[PDB]
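Protein chains in written order, with the deposited numbering: chain J, 1 to 324; chain I, 2 to 129, 132 to 325; chain K, 1 to 325; chain L, 1 to 289, 292 to 324; chain M, 1 to 93; chain N, 1 to 93. Backbone N, C-alpha and C define an ideal beta-carbon position, used for all residues, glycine too.
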Amino acid sequence: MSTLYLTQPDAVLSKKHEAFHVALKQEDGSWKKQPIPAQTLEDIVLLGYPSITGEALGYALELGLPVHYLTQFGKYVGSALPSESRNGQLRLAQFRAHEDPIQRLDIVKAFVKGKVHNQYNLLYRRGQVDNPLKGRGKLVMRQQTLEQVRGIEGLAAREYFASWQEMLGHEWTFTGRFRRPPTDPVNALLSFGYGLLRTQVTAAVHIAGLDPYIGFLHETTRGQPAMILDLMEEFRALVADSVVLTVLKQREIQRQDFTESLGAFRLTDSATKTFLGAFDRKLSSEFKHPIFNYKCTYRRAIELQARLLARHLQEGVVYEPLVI
Amino acid sequence: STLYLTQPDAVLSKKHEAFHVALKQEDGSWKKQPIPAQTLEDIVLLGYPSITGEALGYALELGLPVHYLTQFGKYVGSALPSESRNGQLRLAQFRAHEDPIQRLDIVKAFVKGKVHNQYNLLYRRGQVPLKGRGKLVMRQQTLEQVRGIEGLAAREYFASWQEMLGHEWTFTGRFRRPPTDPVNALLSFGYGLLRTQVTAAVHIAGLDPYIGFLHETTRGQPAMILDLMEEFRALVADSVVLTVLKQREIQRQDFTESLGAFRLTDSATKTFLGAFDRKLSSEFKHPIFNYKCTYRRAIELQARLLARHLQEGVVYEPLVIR
Amino acid sequence: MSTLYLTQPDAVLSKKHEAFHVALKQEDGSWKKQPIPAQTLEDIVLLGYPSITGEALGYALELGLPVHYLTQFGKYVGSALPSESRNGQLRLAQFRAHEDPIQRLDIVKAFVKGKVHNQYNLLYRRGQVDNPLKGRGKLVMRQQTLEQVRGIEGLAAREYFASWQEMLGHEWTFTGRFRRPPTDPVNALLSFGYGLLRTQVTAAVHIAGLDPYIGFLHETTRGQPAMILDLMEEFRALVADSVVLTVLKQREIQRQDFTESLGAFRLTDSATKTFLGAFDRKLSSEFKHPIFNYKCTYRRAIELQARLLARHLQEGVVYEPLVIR
Amino acid sequence: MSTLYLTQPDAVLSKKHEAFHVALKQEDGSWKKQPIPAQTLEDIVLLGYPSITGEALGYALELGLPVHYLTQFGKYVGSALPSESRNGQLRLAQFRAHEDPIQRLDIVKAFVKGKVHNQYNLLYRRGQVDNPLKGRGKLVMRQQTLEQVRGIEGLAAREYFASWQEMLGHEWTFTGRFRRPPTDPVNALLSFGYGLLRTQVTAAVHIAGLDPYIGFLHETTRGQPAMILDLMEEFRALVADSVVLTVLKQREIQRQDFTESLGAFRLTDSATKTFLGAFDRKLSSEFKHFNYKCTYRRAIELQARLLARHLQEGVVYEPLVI
Amino acid sequence: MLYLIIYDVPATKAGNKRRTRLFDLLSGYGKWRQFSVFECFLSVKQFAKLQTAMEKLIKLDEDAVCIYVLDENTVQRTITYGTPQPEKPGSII
Amino acid sequence: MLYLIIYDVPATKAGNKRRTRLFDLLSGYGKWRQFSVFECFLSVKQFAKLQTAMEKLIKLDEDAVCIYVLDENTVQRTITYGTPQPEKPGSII
DNA sequence: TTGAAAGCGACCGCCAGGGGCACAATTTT
DNA sequence: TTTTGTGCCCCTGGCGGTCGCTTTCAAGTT
């Protein structure tokens, strides 16, 4: 069990009569000519824009290996899929669960459990509420409907966002989360950041062979990717919210965010290019505090959550969300 | 309006807004032939040529499918652009897969649209066993009774050929993946490259290829395509070959190397495709429309038509020829 | 169809293997040699007596190109014409009829009938109540000699010109027309248009092979051509005479004339260049040919009436001149 | 009285303060200026293609002076005509005379008298009849109809050309006159020479303001310029026939006349360029007959002008003889 | 629909950039016939994708271009002597 | 009846002559727009006087030209940006 | 035996104007 | 104190594109 990942746009892949040979450039020479076999791979990932021999695809697609193309940042552009993929069973369970609310419900409770637990586990990280936290989670699995829950998302968020002014300071002001247009500068970064999470998630879905536009919590309409937004929730509290507070004790201030132009607060292009510096740095961490697996970045951690979810649907597996 | 590529030694790069193919003929061993974008709606790769990843992000910002094939023509996969966002559609596509009565009242149409095209083809080619075996289908009440029928009509469809071709070629049997006979190789060629235009029409209608109505999707194969691909398997790839073996590509080609393998020569593969675009450059009356709609477009239509059968509830009258 | 005009008396025309090159600058540079085509042209007009290459002229007449000469003022002086027509039989009847006045009369009554009508039906275009003229128009038909008639055209003309000031307005003064130098500016403008009108007429005759010097009104005893003026008469009142009133209601109201050494009210340069714009504009007109639905331009109607006239002479056809209401 | 001529394409003509300025230049020379008055002139002649001041035309054309353009050889191209001219009475007498046969006849008798005397006086130049000869002449003037005469030219020509066979020799052969096509070399030079005379005559007529297509002897058909050929007759025997016999005693040979290709007898371009050397040489000389300078080229311009005066002024037309 | 296009632009390194980039462009929308010439057979939406690229790119105070619009029955009458006739097929190599 | 024409020809002392002589021609039959370009609006018989002049002089193994035939309703839509659009009046000086 | 895009900064086939210096005659009815 | 077109050179010069060269790389506007 493994898969292939490539970050450097300096990599060429060739075939050696039945197997691959990676040729990296590796500043200071041609370091790491490491070849790799098959029979461990079932998925491939190209992140930057490296060159590839077509001889690899025509060898890769005779056996069922998806090939994905992204940006050095992880933004999705497209993927090359073969004939013989087993994602039909997936889309069925993906649907059979959409019409089996017990599955849909036993699922939605997890995405939320994985979001709200992260908030207390953040406020204990960003010391705000108290010593032992453990609040209103284990409260959720003890429910039996959706409207009982969707009100909870609205509750904890309203309970979650009013605790910020005390946590940010006086340089900035925050009353609540405001979608487009952002009436507060901060709310724009989330409307911005929640977008930068969409990309790394919008990629994970196409890898699992999932239909992003088919979800379980976010009711499908208007062409909205609900299979994505169901996932962004468990990360909205840990990735978009941890970065923002990580730069606002060191970085960007009113000096950069446009002053009320037509009511909005847009950014300067000289801050947009700085915003990511801590953002992609974040996507190089995650010791997975439970020793369960040391080796996992946040950026990659999602690919698993999706792959974990497919198996929840194809193999009947559990979906234990990601926390702290 | 379409692009074809044969050599697995050609590397493709992107220019400010346009493509440059690099052919290495060893008198200089490299030759950049410029190529335009913005006119194309489809690409097909036969060999296993090199591609810049930087280029697709330029092709798929344009609505450009990318198709991959083998020297033999067998279909392997395709890389597609921005995906449709009509979920409500794909549910009905599924809400019907588990209601076989819905699935049933459908497959009877696909077949009605296949066999009528065959008998109306053999009369097109000149011959007379299949109109009885034909509306018969309606006289069925389950699926498994029916799927065996296609194999019968198919075996009844292929053994009736030698009389129409002549003496130069032979057909007793046919293996899908194995090219035991050259024509059998052309099927994996045509049946393989036919998915290209079909694998795209679904991406426009937002359909999920992996969910079908005839081919149960519990085989890791997109059945929404093959359930659909049948209506055209008999009309474009089976009519094209029979028009080109009329004075074109007869023998002298089709190397016998690799016992059990009959590949083609270069410049014959390049000649083969001209008739494929001839068919895709050949309009027809479309009995219910009576004057328009080339073959290439008719497929994109059937898909959009099919979605409406599912969300708008209209009839799906398959394609029928006389 | 695309005519050429020349004002500058320092312009030289040479031939470069198939085409013309004009040289203007006059030693503030290299003469600003501007190329020009000929293979599209059908007529030329020269006013300032410019210099021309003789080697070039012979190339225009290998193309069927008339050459016309005028003065800064616009008076007609002469023209150089290309290869002519070879129909003597035509020119004989043109004469065999000239000495039988009975034929000459049945013709001139038409020229004038089609001319004086052209005036009254013009004054109604301009909005003039009566200017009693149709009586005078149809008077002619009750005449049977020439001397009876030449006094009449001068009368209708005098009757035509006294109705002029009221139709112009107060900015200008006009009581009558003088064969003199243009003691009046406008009459100079007429000598300009009436002078350059021979250009398109002097050619149409050369197309039909007619002899300009044998006419029916102007007895060719003053050395003046007559098939031109006999024909030119029908057009003085409606094209050059309607044109002037078309520019003096919008343009060149004043300030664009010059008087010197005689009164001699000459025109200003760069005003002449606007004058012709309307003239070729006028000759780019359709008017639908109010006999049939021909829809021929004015420019062609002349070539037509001339060719038509030969047929009156060889084939005996009627000559219904041009009348417009 | 005098008129103006210009031969050199190296001449500039300008107007200087109310009068003309000719500016010549030549071999071992330069601007060789000469002022000129008006009021003596009635015509201007430009022979080559010299440059001319436009300011001069407007002084000539406000003045009543036609301006003619030719080539150094005398071929007519065009002429510049003014408003005023005394050519109407001319064209009238030119016409009034075509219908008064007494004028037409008493005219035609002169053209012919001026033709036969030149030929009988030609054979006396080359000495064939040797006779005091009487030229039969006066026979023509004492006639009373045309048809009696038009048959006569046919006689003298048959009498005139049969006296050449003895006059040339055996190197060439000549029995009679064969116009287009000749099929005989000599007959071509006359059909050639008789053609090149049309040019200088075709020019002389446009100076007199005459209609060439209205004649007195040659009946006016086909747009046939009878006014030219009526004149060409008196010169056919003196310019084309003396020139031919002037060169066929020196240089031209069948080696220079191309032989029968399909029907025709054309020359080589290396003989055509030589033909003129003696031709224009001849047009540069004559004495007179009253002693008076005249080139042959000029002698014609007068004959036309005299003819107008025969018609406009009622003068005699005494034709040209040796 | 057959859009024929021309460009003749100075040798200034400030415009040669605009020219040489434009040469790289039209090869993206159409074919080359002469140095200052491309033949572009194409649809309309493909045009605004292009026209909007030129109005966004040119200095017409220093540039020179003309364009011609050609329908089939006016193409049939086009004439050439040293070059081949127009076409717009699917491409094979 | 609006004949637009092009020339794109090498720098041969045997063909460079053909170019510069051809420019001396087209200025005689039409107007200039670009280096390798003339736009000739004119009648028909004037064409054979022209058509007969080029077919009479060219080396098709080394020369290159194409021709376009444009009527008014095809002319009006020739949008331009840095040059004016065609017209053909009588000329005045 | 080393991955791609765009972005400059230089070598040759197209374009025209400009400056001199040999030329110069037509039918074939 | 002035001079007509038709080629056949060089050369200065505003076009037109290819070939060969150092820095780029990352994005939503919920």
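Sort out for me which residues DSSP pairs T80 of chain M with in a bridge.
For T80 of chain M, which the question treats as bridged, DSSP gives the partners N:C66.
If I'm right that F111 of chain K touches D230 of chain K with Cβ under 8 Å, what's the distance once you round it to whole angstroms?
The C-beta distance from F111 of chain K to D230 of chain K rounds to 6 Å, short enough to meet the 8 Å contact threshold.
Let me check one thing: in DSSP terms, what residues is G78 of chain J bridge-paired to?
According to DSSP, which records beta bridges pairwise, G78 of chain J is partnered with J:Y69.
CB contact check: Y29 of chain N to chain M, cutoff 8 Å
So no, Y29 of chain N is outside the interface.
Distance cutoff 8 Å, beta carbons only. Does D211 of chain K sit that close to anything in chain L?
Yes, because at least one Cβ of chain L sits closer than 8 Å to the Cβ of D211 of chain K.
Nearest candidate by alpha-carbon position, reference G169 of chain J, set J:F178, J:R180, J:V186
The closest CA to that of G169 of chain J, considering only J:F178, J:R180, J:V186, is found on J:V186.
Quick one: which chain I residues come within Cβ less than 8 Å of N187 of chain J?
Contact of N187 of chain J with chain I by beta-carbon distance below 8 Å is absent, the smallest such distance being about 26 Å.
DSSP three-state call for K282 of chain J: helix, strand or coil?
Of the three classes helix, strand and coil, the one that applies to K282 of chain J here is helix, per DSSP.
Which class does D100 of chain I belong to by DSSP, given the choice of helix, strand or coil?
DSSP, read as helix, strand or coil, puts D100 of chain I in coil.
How about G15 of chain M: is its C-beta nearer than 8 Å to some C-beta of chain I?
It does not; no Cβ of chain I falls within 8 Å.
Rounded to whole angstroms, what's the CA-CA distance from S79 of chain I to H206 of chain I? Just pull it up for me.
Roughly 11 Å between the two C-alpha positions.
For a contact meaning CB atoms closer than 7 Å, what does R86 of chain I contact in chain J?
Listed along chain J are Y213, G223, each with a C-beta nearer than 7 Å to that of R86 of chain I.
Compare the C-beta of residue 325 of chain J against all C-beta atoms of chain I and say whether one is closer than 8 Å.
Lying outside 1 to 324, the shown extent of chain J, residue 325 of chain J is not represented and no answer is given.
Is the CB-CB distance between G176 of chain K and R158 of chain K below 8 Å?
Cβ atoms of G176 of chain K and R158 of chain K: closer than 8 Å.
Chain-order list of residues whose beta-carbon lies under 7 Å from that of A240 of chain J (same chain, five-residue window excluded)
Same-chain partners within the cutoff: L190, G193, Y194, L197.
Taking Cβ to Cβ, would you say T297 of chain K is nearer than 8 Å to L313 of chain K?
The Cβ atoms of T297 of chain K and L313 of chain K do not sit closer than 8 Å to each other.
Considering Cα atoms alone, identify which of L:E153, L:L105, L:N131 is closest to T145 of chain L.
Relative to the Cα of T145 of chain L, the nearest Cα in the group L:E153, L:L105, L:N131 belongs to L:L105.
Report yes or no: is there a C-beta of chain K within less than 8 Å of the C-beta of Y49 of chain L?
True, the Cβ-Cβ gap to chain K drops below 8 Å.
I want to verify the contact list: residues of chain I whose CB lies under 7 Å from the CB of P82 of chain J, in sequence order.
In chain order: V77, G78.
Under 8 Å between C-beta atoms of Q128 of chain L and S163 of chain L:
Going by C-beta atoms, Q128 of chain L is nearer than 8 Å to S163 of chain L.
Which residues does DSSP pair with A19 of chain L in a beta bridge?
Bridge partners of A19 of chain L: L:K16.
Alpha-carbon spacing of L6 of chain K relative to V77 of chain K, whole angstroms
Distance between the alpha carbons of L6 of chain K and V77 of chain K: 15 Å.
Check whether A19 of chain J and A11 of chain J have beta carbons under 8 Å apart:
Not a contact, by the Cβ cut-off of 8 Å.
Thinking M232 of chain J and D211 of chain J are a contact (beta carbons under 8 Å), I'd like their distance in whole angstroms, please.
That belief does not hold up - the Cβ atoms of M232 of chain J and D211 of chain J are roughly 16 Å apart, past 8 Å.
Spatial distance of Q119 of chain J from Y160 of chain J (CA atoms):
Computed Cα separation, rounded: 7 Å.
C-alpha distance - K273 of chain L paired with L322 of chain L, whole-angstrom precision
So the alpha carbons of these two residues sit roughly 29 Å apart.
Quick one, which of I:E260, I:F265, I:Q26, I:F275 has its alpha-carbon nearest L248 of chain I's?
Out of I:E260, I:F265, I:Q26, I:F275, I:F275 has the C-alpha closest to the C-alpha of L248 of chain I.
Would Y7 of chain N and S36 of chain N be called neighbours here (beta carbons separated by less than 8 Å)?
Taking 8 Å as the Cβ cut-off, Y7 of chain N and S36 of chain N qualify as a contacting pair.
Taking 8 Å as the CB-CB limit, is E18 of chain I close to chain M?
Closer than 8 Å to some Cβ of chain M, the Cβ of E18 of chain I qualifies, so yes.
The region 272-299 of chain I: which residues have C-beta closer than 7 Å to a C-beta of chain M, in chain order?
Residues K273, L276, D280.
Please identify, using Cβ separations under 7 Å, the residues of the region 93-113 of chain J that lie next to chain I, in order along the chain.
Correct list: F95.
Do we get a CB-CB distance below 8 Å when we pair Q314 of chain J with the residues of chain I?
The beta carbon of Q314 of chain J sits no closer than 8 Å to any beta carbon of chain I.
Proximity winner among L:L308, L:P66, L:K25, L:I102, relative to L41 of chain L (alpha-carbon distances)
Ranking L:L308, L:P66, L:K25, L:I102 by CA distance to the CA of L41 of chain L puts L:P66 first.
Using the rule of at least 16 other Cβ atoms within 10 Å of the residue's Cβ for burial, across every protein chain shown, is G154 of chain J buried or exposed?
Looking at its Cβ environment, which holds fewer than 16 other Cβ atoms inside 10 Å, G154 of chain J is exposed.
I think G64 of chain I touches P82 of chain I, with their Cβ atoms under 8 Å apart; what is that distance to the nearest whole Å?
About 5 Å; that satisfies the 8 Å criterion.
Residue range of the beta strand (DSSP E) that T202 of chain I falls in?
No beta strand (DSSP E) holds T202 of chain I; the alpha helix (DSSP H) holding it covers 185-208.
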